[PDB]
Structure formats: C-alpha cells, structure tokens
Amino acid sequence: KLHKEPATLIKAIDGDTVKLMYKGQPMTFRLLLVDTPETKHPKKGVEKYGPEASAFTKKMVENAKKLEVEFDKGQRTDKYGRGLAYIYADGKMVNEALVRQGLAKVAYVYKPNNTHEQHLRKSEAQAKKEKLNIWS
C-alpha cells in the first residue's frame, strides 16, 4: 500500500525535477512516469513547452501549503541518485496535473514502478482529445 510522506520545497529545477527536503536530507526528485519538455535537456537544450512545463511545476510546488512524496513499489532512486516519486501539492498529484494540461507525456514505463500508470494514461488521452499545449 503506497503511502505519502511530507517533504519541504527547496527548489524547483525543471518541469520534471524538483529539489526537496526529505526526512532531513536535501534530495533531488524526478517525477515518476512523466516526460516533460526540458529547459535543461542534455542535447537539445530549451525545447518547446519546456519553459511552460517548468513554470507550471514551480508555481504548483511553490504555492502549496503541503507537499508530499509518494514512492512506488520498485526502485526508489535512479542511476543519478534522484528520488523516483509521485509528488502531491495540497493533495493534487503534480505528475497528473502536468499530463492533464498537455505539458507532459506519459513516459516509457518500467515495472513495478507503474502503480499510477492507467490514471495518467487516462489524463493524457483527455489532454490529447482536448488538443492542449503539446497536443494542439
């Protein structure tokens, strides 16, 4: 049974990456299951909707009363040392909000870290049917 834990914002880094204080430690978190356009992409650089995805994640985590992290059932860190998690801002999952807005795609998924996969895929279908941002 997945469970949420509190965390405190340190800095938003990108649409898909946020630095948080978690159980007393500064940690970088990668948002599970979503690919956003990046402002800091390894090769391309500042892609299209990158600033926008990045501004959405920032406003959302910066304006929250409560932030919570939710680890999935598999590995909890990636090869870069980043936490792998669903992030919640006052009860609303940031990963889903990005996708619902057409500001992220559902990433390639790796079992068993796929608990909220269907939910996300349903919001992605909606944003595409509404032709939002990425999908217009």
Side-chain angles (χ1 to χ4, degrees):
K1 340 208 193 180
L2 297 202
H3 51 266
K4 295 154 178 80
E5 308 193 273
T8 301
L9 177 69
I10 293 176
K11 185 185 175 37
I13 281 131
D14 217 357
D16 73 353
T17 304
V18 176
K19 227 158 190 93
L20 305 174
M21 193 84 41
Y22 173 72
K23 285 155 70 191
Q25 257 326 117
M27 246 193 75
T28 303
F29 282 76
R30 172 67 170 76
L31 292 180
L32 262 173
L33 301 193
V34 316
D35 289 306
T36 54
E38 292 171 71
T39 51
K40 320 174 81 169
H41 176 274
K43 273 118 73 284
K44 184 43 112 224
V46 179
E47 331 174 82
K48 184 42 188 285
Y49 287 105
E52 286 82 11
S54 173
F56 184 95
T57 299
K58 178 178 198 311
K59 269 156 115 173
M60 186 159 174
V61 301
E62 263 175 16
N63 285 305
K65 310 212 284 190
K66 286 178 161 200
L67 288 179
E68 287 162 303
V69 296
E70 185 183 50
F71 290 106
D72 210 326
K73 39 200 25 166
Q75 314 94 102
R76 315 230 203 289
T77 66
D78 70 8
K79 63 177 143 98
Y80 297 96
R82 298 184 295 178
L84 286 176
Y86 309 101
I87 294 313
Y88 296 82
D90 300 322
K92 301 131 6 219
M93 197 201 300
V94 180
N95 317 42
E96 193 266 344
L98 280 161
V99 165
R100 182 53 181 97
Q101 285 304 301
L103 290 169
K105 275 169 201 87
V106 178
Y108 186 82
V109 184
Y110 303 111
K111 258 143 166 271
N113 279 342
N114 61 356
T115 292
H116 297 315
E117 186 190 8
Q118 244 286 52
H119 184 211
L120 283 193
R121 254 178 223 295
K122 280 143 150 209
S123 304
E124 189 188 56
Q126 194 60 45
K128 303 212 238 75
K129 135 145 192 358
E130 300 178 0
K131 296 185 232 38
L132 290 172
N133 291 310
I134 270 50
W135 303 116
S136 64

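The first residue in the sequence is number 1, and the count goes up from there.
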Can you check whether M27 reaches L20 side chain to side chain, under 4.5 Å on heavy atoms?
no
Regarding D14 and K19, does a basic nitrogen lie under 4.0 Å from an acidic carboxylate oxygen?
no
From the options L67, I13, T57, select the one residue that forms a side-chain contact (heavy atoms from CB on, under 4.5 Å) with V18.
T57
Side chains of residues 95-104: which donor-acceptor pairs under 3.5 Å do they make with residues two or more places apart or in other chains?
from: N95; atom 1: OD1; to: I87; atom 2: N; distance (Å): 3.1
from: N95; atom 1: ND2; to: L32; atom 2: O; distance (Å): 2.7
from: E96; atom 1: OE2; to: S123; atom 2: OG; distance (Å): 2.4
from: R100; atom 1: NH1; to: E130; atom 2: OE1; distance (Å): 2.9
from: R100; atom 1: NH2; to: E130; atom 2: OE1; distance (Å): 3.2
from: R100; atom 1: NH2; to: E130; atom 2: OE2; distance (Å): 2.6

Measure from the side-chain N and O atoms of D72 to the backbone N and O of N114, and report whether any donor-acceptor pair falls under 3.5 Å.
yes
Applied to residues 107-136, the ring-ring contact (aromatic ring centres under 6.0 Å, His included) test, sequence neighbours excluded, yields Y86-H116, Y108-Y110
Derivation and outcome, side chain to side chain contact (heavy atoms under 4.5 Å, CB included), residues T17 and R82:
CA-CA 9 Å; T17 304; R82 298 184 295 178; 3.6 Å; yes
Distance, nearest 0.5 Å, that separates CG of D16 from NZ of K40:
11.0 Å
Kindly write out the residues that satisfy side-chain contact (heavy atoms from CB on, under 4.5 Å) with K4, not counting sequence neighbours, or none if the list is empty.
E68, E70, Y88
Can you name the closest pair of heavy atoms from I134 and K48 and give their distance?
CD1-O, 4.5 Å
Write down the atom of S54, the atom of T39, and the distance for their closest heavy-atom approach.
CB-CG2, 4.1 Å
Taking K128 for its side chain and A125 for its backbone only, find out whether a donor-acceptor pair lies under 3.5 Å.
no
Same cluster (ILVMFWY, side-chain, under 4.5 Å), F71 and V109:
yes
Taken to the nearest 0.5 Å, the spacing of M21 CE from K11 NZ works out to 13.5 Å
Rounded to the nearest 0.5 Å, what separates atom NZ in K131 from atom CD in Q126?
10.5 Å
Neighbour count above 12 (heavy atom, 6.0 Å) for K59 NZ:
no
Closest heavy-atom pair, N113 versus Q75, reported as atoms and distance to 0.1 Å, is ND2-O, 2.9 Å
Euclidean distance, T36 OG1 relative to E52 CD, rounded to 0.5 Å:
11.5 Å
Kindly work out whether a path of hydrophobic side-chain contacts (I/L/V/M/F/W/Y, heavy atoms less than 4.5 Å apart) joins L120 to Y49.
yes
Return yes if some donor-acceptor pair links the side-chain N/O of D90 with the main-chain N/O of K65 below 3.5 Å, else return no.
yes
Locate the shortest heavy-atom distance separating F29 from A85; write the atom from each residue and the value.
CD2-CB, 3.8 Å
In terms of heavy-atom contacts, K73 and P112 come closest through CG-O, 3.0 Å
Hphob cluster co-occupancy, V94 + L2, side-chain heavy atoms under 4.5 angstrom
yes
Can you check whether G81's main-chain N or O pairs, donor with acceptor, with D78's side chain at less than 3.5 Å?
yes
State, to 0.1 Å, how close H41 and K43 come at their nearest heavy-atom pair, and which atoms those are.
ND1-N, 2.7 Å
